[PDB]
Amino acid sequence: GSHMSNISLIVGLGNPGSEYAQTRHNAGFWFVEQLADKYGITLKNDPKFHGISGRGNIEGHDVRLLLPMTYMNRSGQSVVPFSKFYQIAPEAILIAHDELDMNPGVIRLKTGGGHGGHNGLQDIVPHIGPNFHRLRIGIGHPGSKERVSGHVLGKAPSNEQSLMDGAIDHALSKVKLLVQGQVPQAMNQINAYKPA
Numbered sequence: 018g019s020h021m022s023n024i025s026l027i028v029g030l031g032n033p034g035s036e037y038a039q040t041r042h043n044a045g046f047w048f049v050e051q052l053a054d055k056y057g058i059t060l061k062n063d064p065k066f067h068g069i070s071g072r073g074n075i076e077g078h079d080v081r082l083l084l085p086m087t088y089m090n091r092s093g094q095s096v097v098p099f100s101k102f103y104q105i106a107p108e109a110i111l112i113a114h115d116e117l118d119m120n121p122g123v124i125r126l127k128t129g130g131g132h133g134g135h136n137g138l139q140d141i142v143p144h145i146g147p148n149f150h151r152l153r154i155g156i157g158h159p160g161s162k163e164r165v166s167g168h169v170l171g172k173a174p175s176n177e178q179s180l181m182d183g184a185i186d187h188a189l190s191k192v193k194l195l196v197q198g199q200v201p202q203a204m205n206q207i208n209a210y211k212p213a
């Protein structure tokens with residue numbers, strides 16, 4: 018099982034399918050896929066947990082990676098049984114996801130709190146409670162209350178994608194702190210990020 022606030026499960030939220038891969042709502046998938054490549058962690062089919070998953074060493078720590086393949090609003094149908102099977106407490110889980118309330122190129126590490134309208138997080142907090150960590154990857158907001166679907170299922174313009182990709186690359190360099198349980202320092206150094 019997990020140990021204290023050393024992060025040992027990193028989840029990335031998104032939808033399956035090439036048609037959603039480049040959309041804002043898959044920001045969490047981008048981060049976990051990039052982290053997997055960085056550390057040479059294989060993401061392999063995991064039918065038992067309705068996902069794609071991997072396990073590997075990050076900076077001397079055994080860490081599991083999970084991409085639910087449930088569709089975003091059913092993400093809990095992968096995250097919850099996976100974390101239960103492996104006896105991973107919420108305190109040791111990092112969930113990376115798109116954040117409408119932050120600009121592209123803003124990234125913040127948060128512990129606790131609600132789903133903030135995110136339909137993936139909405140499917141997870143009722144089960145495991147809120148005390149997991151979140152890598153909130155700004156995607157910016159749409160022009161109103163009803164363009165939300167269209168915005169999260171859109172592919173960002175290149176300037177915004179460049180800002181998100183630089184923020185995501187920064188965060189990758191801070192995962193060493195998270196897997197070592199240095200959450201306060203990783204929150205300091207992630208939240209300080211600026212694009213330019």
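What the sequence shown shows, in our numbering, is residues 18 to 213, in sequence order. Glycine residues also receive a C-beta, built at the ideal position from the N, C-alpha and C atoms.
Taking only the alpha-carbon atoms, compute the straight-line gap between residue i and residue j and give it to the nearest angstrom.
{"i": "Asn-148", "j": "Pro-174", "result": "34 Å"}
{"i": "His-158", "j": "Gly-167", "result": "11 Å"}
{"i": "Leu-194", "j": "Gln-202", "result": "7 Å"}
{"i": "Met-89", "j": "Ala-188", "result": "22 Å"}
{"i": "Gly-18", "j": "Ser-161", "result": "43 Å"}
{"i": "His-132", "j": "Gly-57", "result": "31 Å"}
{"i": "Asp-118", "j": "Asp-63", "result": "32 Å"}
{"i": "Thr-59", "j": "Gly-71", "result": "5 Å"}
{"i": "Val-196", "j": "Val-165", "result": "33 Å"}
{"i": "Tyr-103", "j": "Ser-92", "result": "17 Å"}
{"i": "residue 17", "j": "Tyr-210", "result": "Residue 17 lies beyond the residue range present for the chain, which begins at 18 and ends at 213; the question has no answer from this structure."}
{"i": "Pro-33", "j": "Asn-176", "result": "24 Å"}
{"i": "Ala-109", "j": "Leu-180", "result": "28 Å"}
{"i": "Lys-65", "j": "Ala-113", "result": "22 Å"}
{"i": "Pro-143", "j": "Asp-186", "result": "31 Å"}
{"i": "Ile-207", "j": "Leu-111", "result": "14 Å"}
{"i": "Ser-100", "j": "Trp-47", "result": "21 Å"}
{"i": "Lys-55", "j": "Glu-163", "result": "37 Å"}
Pull up the CB-CB distance for residue i and residue j, whole angstroms please, since I reckon it's below 8 Å.
{"i": "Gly-137", "j": "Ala-184", "result": "Not really, about 19 Å apart at Cβ, beyond 8 Å."}
{"i": "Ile-154", "j": "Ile-124", "result": "6 Å"}
{"i": "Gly-146", "j": "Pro-107", "result": "6 Å"}
{"i": "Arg-81", "j": "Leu-30", "result": "Actually they are not in contact, since the Cβ atoms of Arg-81 and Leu-30 sit about 15 Å apart, beyond 8 Å."}
{"i": "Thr-87", "j": "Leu-170", "result": "Actually they do not touch by this definition, with Cβ atoms about 16 Å apart."}
Starting from residue i, follow its DSSP beta bridges and name the residues at the other end.
{"i": "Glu-108", "result": "According to DSSP, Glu-108 bridges with nothing at all."}
{"i": "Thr-40", "result": "Paired residues: none, contrary to the question."}
{"i": "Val-28", "result": "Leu-83, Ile-112"}
{"i": "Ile-69", "result": "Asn-62, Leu-84"}
Relative to the C-alpha of residue i, which residue among the options is closest?
{"i": "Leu-52", "options": "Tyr-210, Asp-182, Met-204, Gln-199", "result": "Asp-182"}
{"i": "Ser-35", "options": "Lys-172, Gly-198, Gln-197, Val-192", "result": "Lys-172"}
{"i": "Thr-128", "options": "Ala-113, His-135, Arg-151", "result": "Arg-151"}
{"i": "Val-49", "options": "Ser-100, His-20, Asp-115", "result": "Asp-115"}
{"i": "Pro-212", "options": "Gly-198, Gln-199, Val-192, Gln-178", "result": "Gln-178"}
{"i": "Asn-43", "options": "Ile-207, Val-142, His-135, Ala-109", "result": "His-135"}
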